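I have placed the structure first, in the form of structure tokens, so that the comments after it can refer back to it.
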Amino acid sequence: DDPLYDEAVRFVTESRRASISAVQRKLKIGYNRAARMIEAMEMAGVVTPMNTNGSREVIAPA
Amino acid sequence: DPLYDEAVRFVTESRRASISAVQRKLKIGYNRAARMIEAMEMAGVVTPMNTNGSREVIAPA
Amino acid sequence: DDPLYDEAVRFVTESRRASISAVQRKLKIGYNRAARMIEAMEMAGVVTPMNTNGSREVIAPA
DNA sequence: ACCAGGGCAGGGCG
DNA sequence: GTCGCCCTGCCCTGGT
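Spelled out as structure tokens, the structure:
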């Protein structure tokens with residue numbers, strides 16, 4: 746539902762970075778907003794769940 | 747970034763170009779500090795990273 | 746004026762270890778928080794600046 | 001009442 | 001074992 750969602754998924758899948766932090770940097774948005782889009786990406790199988798140390802890997806092809 | 751000149755002044759005086767040093771100095775987060783180091787690199791104030799990961803400051807103090 | 750500064754100073758001066766990492770572990774604080782306090786100790790003459798070889802020494806007595 | 005980003009601790013690396 | 005720095009996620013300030 747976020748206007749930036751499509752752009753966030755593009756960034757994530759092109760850059761191969763699945764971090765909330767990286768999205769915040771690229772789109773100049775806050776933690777809550779970026780976290781929600783990442784959670785949507787997880788919910789939609791674009792991005793992995795995080796492992797114990799918080800890192801995720803990009804599922805979707807670029 | 748409105749703090750760009752301050753960051754430039756900091757690195758050119760200290761000769762330190764770590765993201766973290768700038769982040770602490772300017773009381774800012776990692777993302778904003780990284781962005782500023784990137785701007786300094788694009789403006790020739792500091793070098794890009796070498797093999798290990800360290801930058802040199804090119805601008806005079 | 747970090748609340749934990751005096752505590753950090755007592756640990757550094759007792760241990761003779763002027764290290765950001767040792768303070769992190771001793772106090773259970775983040776890297777930047779510990780680094781800020783080491784920097785503060787440098788400016789106050791409690792520890793030396795970082796040497797060109799990396800190292801730091803404690804100046805102040807225990 | 002909103003919301004970017006700075007407060008926090010620390011894992012993963014050279 | 002040790003070190004410092006990059007970059008992370010999570011929590012809550014700061015602000016016109």
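Taken in sequence, the protein lines are chains A, B and C. The entry's author numbering puts the first residue of the first sequence at 746, with every later residue one more than the last. The entry's author numbering puts the first residue of the second sequence at 747, with every later residue one more than the last. The entry's author numbering puts the first residue of the third sequence at 746, with every later residue one more than the last. Note that beta-carbon positions come from the ideal geometry of N, C-alpha and C, so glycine has one too.
Of the candidates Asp746(C), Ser766(C), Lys771(C), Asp751(C), the residue whose Cα lies closest to the Cα of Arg801(C) is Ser766(C). Setting aside the 5 residues that flank it on each side, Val791(C) is surrounded in the same chain by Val754, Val757, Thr758, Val803, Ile804, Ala805, each with a C-beta closer than 8 Å to its C-beta; the list follows chain order. Rounded to whole angstroms, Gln769(C) and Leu749(C) show a C-alpha spacing of 11 Å. Taking CB atoms only, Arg755(A) has no neighbour in chain B less than 7 Å away. According to the DSSP secondary-structure assignment, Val754(A) is paired through a beta bridge with no residue.
Nearest CB-CB separation between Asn777(B) and chain A: below the 7 Å threshold.
Around the Cβ of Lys771(C), a 10 Å sphere holds 16 or more other Cβ atoms; the residue is buried.
Contacts with chain C at 7 Å (Cβ-Cβ) do not include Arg801(B).
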